[PDB]
Amino acid sequence: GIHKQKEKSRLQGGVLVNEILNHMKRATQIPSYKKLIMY
């Protein structure tokens with residue numbers, strides 16, 4: 001699964017997805033965290 005109650009939303013929900021992308025992308029822009037999980 002990749003959605004909680006997105007179904008409830010008709011079109012507006014779409015915008016939500018877009019926003020999410022930003023956050024995710026930013027993550028790849030800062031792989032520094034890798035060091036943490038790593039040794």
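- Method-wise, the PDB entry is recorded as coming from solution NMR.

Details of the environment of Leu 11
Then step 1. Counting through the fold element by element, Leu 11 comes out in the segment before α1 (12-29).
Then step 2. Among the residues examined, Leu 11 registers a relative accessible area of 61% and is labelled exposed.
Then step 3. Between the alpha carbons of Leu 11 and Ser 32 there is a distance of 36 Å; along the sequence they are 21 residues apart.

Some thoughts on the environment of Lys 6
Then step 1. With respect to the helices and strands, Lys 6 occurs in the segment before α1.
Then step 2. In this structure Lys 6 comes out as partly exposed when scored by relative accessible area, which is 31%.
Then step 3. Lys 6 sits 10 residues away from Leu 16 along the chain, and the two C-alpha atoms are 9.0 Å apart.
Then step 4. In this structure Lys 6 touches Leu 16 and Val 17, once residues within four positions along its chain are discounted.

Parameters and conventions
- Residues numbered from 1 in each chain as written, not as in the entry; some residues may be left out.
- Heavy atoms only, no water.
- Helix = DSSP H or I, 4+ residues; strand = E, 2+ residues; numbered from the N terminus.
- Buried < 20%, exposed > 50% of the residue type's maximum accessible area, 1.4 Å probe, protein only.
- Contact = heavy atoms within 4.5 Å.

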